[PDB]
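Numbered from 1 within each chain, the chains take letters A, B, ... in sequence-line order.
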Amino acid sequence: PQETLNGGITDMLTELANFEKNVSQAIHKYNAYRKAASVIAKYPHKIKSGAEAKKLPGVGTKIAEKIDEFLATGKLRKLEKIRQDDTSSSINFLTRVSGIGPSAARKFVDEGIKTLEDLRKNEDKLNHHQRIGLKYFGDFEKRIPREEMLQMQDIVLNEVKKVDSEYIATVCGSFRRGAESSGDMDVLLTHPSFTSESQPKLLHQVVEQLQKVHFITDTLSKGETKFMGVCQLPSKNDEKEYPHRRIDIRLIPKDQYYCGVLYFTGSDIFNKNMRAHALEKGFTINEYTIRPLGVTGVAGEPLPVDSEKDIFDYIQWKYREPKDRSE
DNA sequence: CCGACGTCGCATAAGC
DNA sequence: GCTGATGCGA
DNA sequence: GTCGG
Ligand code: NA
Ligand code: NA
């Protein structure tokens, strides 16, 4: 796991990944290329041949070939071509705006809209989400230092508690695992009055409060259980102002809360391992529940959970700190 | 050879 | 107006 | 594109 060891190769794979997703609309080729990129990124030798790479889970014949060409010429003909392609490179770029995905990008570029500037000239053609995306294009591609996250957390936990001291809220994501930086803030929310069996107002009042103290500045989307929007730390005195940040707030019912918390803490890799484990011990785990099987594979009713540990207990695993859930 | 590859809440489209 | 498909982000 | 039934 050292940067420019196979950087050339993994930046390559990652470029191709984006073109598959954003231009070709082949999300599964997109994940193939990314998966290759990962397993190569972890590989602790400078790759010498496509054949050496092929040995890795997720590197097949086609990518092996690419690596050979890259290794001998320092570039890829296809990648070089698509990069200079006016239409395609503009479609790929436009998708960097939040709310513009591969379909809307494609339509824009069809009607000659290819640049941020062009988007600015055409706001009347953007939905609410997209306008927010444009407006904060740069801020949203910035990382969030952990210190700022802590500051944001102070504000979130404070105002949630002042709306109702019985609410529970957890900031998960790479934040909860110790990451020195985060992509956004992901808040998980529950209340003792909200169970799977069980007002239709619990998420709304929390969001309202966060707007009233001007933490939440914009709304991408909001319904009865998931909120997605924008936030910002209060500008220190005369100091330079903070970036607007992405924040999601999820209302989960209490008897599914720690499954939710477990799931949205990750990492993805650790989740795959633990869901694998898991089956072998006789259980199925998803973001909501842990259920038992079932001599024929028939899933029983969901078991009670009242903490993260509870889940680990069910499946013969000693509790592992968010600290140590890289895998 | 050929299908799976995560899933789902919310905004908006689109056909009725 | 209704519906439930499709795009999007996570 | 890669893996696997
Ligand atoms: Na292989
Ligand atoms: Na986007």
Side-chain angles (χ1 to χ4, degrees), chain A residues 9 12-22 24-40 50 53-67 76 78-79 91 94-108 125-134 136 140-141 171-175 182-189 200 203-204 207 218-230 245-253 256 259-261 263-272 274-276 279 284-289:
Chain A
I9 298 177
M12 171 179 80
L13 300 177
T14 301
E15 277 194 74
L16 297 149
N18 291 331
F19 279 103
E20 292 300 341
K21 178 169 61 77
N22 305 318
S24 283
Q25 310 199 9
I27 185 64
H28 292 141
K29 282 194 191 189
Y30 157 83
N31 284 312
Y33 274 121
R34 261 167 75 242
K35 174 189 174 190
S38 271
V39 60
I40 279 177
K54 203 182 186 305
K55 291 167 174 285
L56 302 180
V59 172
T61 293
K62 300 280 285 274
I63 281 173
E65 266 174 65
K66 273 142 166 67
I67 283 165
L76 245 192
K78 269 154 199 199
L79 193 43
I91 297 179
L94 279 197
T95 63
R96 284 163 71 188
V97 186
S98 177
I100 295 166
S103 181
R106 163 77 38 77
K107 287 177 290 247
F108 282 128
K125 287 184 226 229
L126 273 39
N127 57 37
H128 182 53
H129 187 141
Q130 288 159 339
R131 281 162 209 198
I132 303 307
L134 178 49
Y136 302 111
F140 282 178
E141 280 182 346
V171 179
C172 316
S174 68
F175 177 76
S182 304
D184 51 23
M185 165 166 294
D186 191 11
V187 182
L188 266 58
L189 185 72
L203 179 57
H204 169 75
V207 180
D218 298 90
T219 306
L220 301 161
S221 64
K222 172 177 178 284
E224 276 167 37
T225 58
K226 180 156 83 150
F227 164 87
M228 304 173 48
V230 188
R245 304 294 193 179
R246 286 271 301 100
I247 185 173
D248 304 335
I249 308 191
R250 287 168 176 128
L251 187 71
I252 302 168
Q256 292 177 5
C259 279
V261 168
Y263 179 77
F264 290 99
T265 301
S267 63
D268 304 330
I269 300 167
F270 168 87
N271 276 7
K272 198 141 195 184
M274 187 171 161
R275 181 169 295 104
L279 294 175
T284 179
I285 299 170
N286 55 25
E287 67 159 310
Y288 313 110
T289 58

Taken to the nearest whole Å, CG/A:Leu126 to P/B:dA11 is 17 Å
Euclidean distance, A:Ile67 CD1 relative to A:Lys62 NZ, rounded to 0.5 Å = 14.0 Å
Take the protein atom CZ of A:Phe108 and the nucleotide atom P of C:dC8, then report the distance between them rounded to whole Å.
-> 9 Å
How long is the span from the CG atom in A:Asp186 to the CZ atom in A:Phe264, to the nearest 0.5 Å?
-> 6.5 Å
If the P atom of C:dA10 is compared with that of B:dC5, how far apart are they to the nearest Å?
-> 23 Å
NA contact type, A:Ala26, heavy-atom cut-off 4.0 Å: base, sugar-phosphate, or nothing?
-> nothing
Contacts under 3.5 Å, N or O only, protein and nucleotides 3-5 of chain D:
| from | atom 1 | to | atom 2 | distance (Å) |
| --- | --- | --- | --- | --- |
| D:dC3 | OP1 | A:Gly58 | N | 2.7 |

So, A:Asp218 versus A:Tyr136: side-chain donor-acceptor pair below 3.5 Å or not?
-> yes
In whole angstrom, give the distance that lies between atom CG of A:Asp186 and atom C1' of C:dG9.
-> 12 Å
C1' spacing across the pair B:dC10 / C:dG4, given as an integer number of angstrom | 14 Å
For A:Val97, answer base if it contacts any base atom (sugar-phosphate contacts may also be present), sugar-phosphate if it contacts only those atoms, and nothing otherwise; contact means non-hydrogen atoms under 4.0 Å.
-> sugar-phosphate
Drop me the distance from A:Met12's CE to A:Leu79's CG, to the nearest 0.5 angstrom.
-> 8.0 Å
Describe the nucleic acid contact of A:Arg275 in one word from base, sugar-phosphate, nothing, applying a heavy-atom distance below 4.0 Å.
-> nothing
For A:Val187 and A:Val171 the tightest heavy-atom approach is CG2-CG2, 4.4 Å
Specify the separation, in whole Å, of atom NZ of A:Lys78 and atom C1' of D:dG1.
-> 12 Å
Round to a whole Å and report the spacing from NE2 of A:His129 to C1' of C:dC8.
-> 7 Å
Measure from NZ or CZ of A:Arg250 to the centre of the six-membered ring of A:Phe227, then state whether that distance is under 6.0 Å and the direction lies within 45° of the axis.
-> no
Atom pair distance, as rounded to whole Å: CG in A:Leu220 and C1' in B:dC10 | 11 Å
B:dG6 and D:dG4: how far apart are their P atoms, nearest whole angstrom?
-> 14 Å
Atom CD1 of A:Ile100 and atom CD of A:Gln130: how far apart are they, to the nearest 0.5 Å?
-> 5.0 Å
Could you give me the CA-CA distance, side-chain angles and deciding distance for A:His129 and A:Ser98, then say whether side chain to side chain donor-acceptor pair (under 3.5 Å) is met?
-> CA-CA 7 Å; A:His129 187 141; A:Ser98 177; 2.8 Å; yes
Among the nucleotides C:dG9, D:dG1, B:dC10, which one has an atom lying closest to any side-chain atom of A:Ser98?
-> C:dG9
A:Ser103 has a side chain; which of C:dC8, D:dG1, B:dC10 sits nearest to it?
-> C:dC8
Give the rounded distance in Å between these two atoms: CD1 of A:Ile132 and P of C:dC8.
-> 17 Å
Pairing annotation in dot-bracket form, given for DNA chain C with Watson-Crick or G-U pairs under 3.5 Å and | for cross-strand partners = |||.||||||
Of all the heavy-atom pairs spanning A:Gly58 and A:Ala36, show the shortest one and how long it is.
-> O-CB, 3.7 Å
Output the distance between atom CG (A:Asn22) and atom OH (A:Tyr30), rounded to the nearest 0.5 Å.
-> 8.0 Å
How does protein contact run along nucleotides 1-9 of chain B, one letter per nucleotide 5' to 3', with B for base contact, S for sugar-phosphate only, - for none, heavy atoms under 4.0 Å?
-> ----BB-SS
Indicate, with a heavy-atom threshold strictly under 4.0 Å, whether A:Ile27 touches base, sugar-phosphate, or nothing.
-> nothing
May I ask you to say what A:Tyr33 touches in the nucleic acid, namely base, sugar-phosphate or nothing, with a heavy-atom cut-off under 4.0 Å?
-> sugar-phosphate
Which value, in whole Å, describes the distance between the P atoms of nucleotides C:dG9 and B:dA4?
-> 25 Å
Distance (rounded to the nearest 0.5 Å) between A:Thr14 OG1 and A:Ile40 CD1 | 9.5 Å
Closest non-hydrogen atoms of A:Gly229 and A:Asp248, given as atom of the first, atom of the second and distance, are N-OD1, 4.4 Å
Heavy-atom closest pair, residues A:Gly260 and A:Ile252 = CA-CD1, 3.9 Å
What is the distance, rounded to the nearest whole Å, between atom NZ of A:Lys107 and atom P of C:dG7?
-> 7 Å
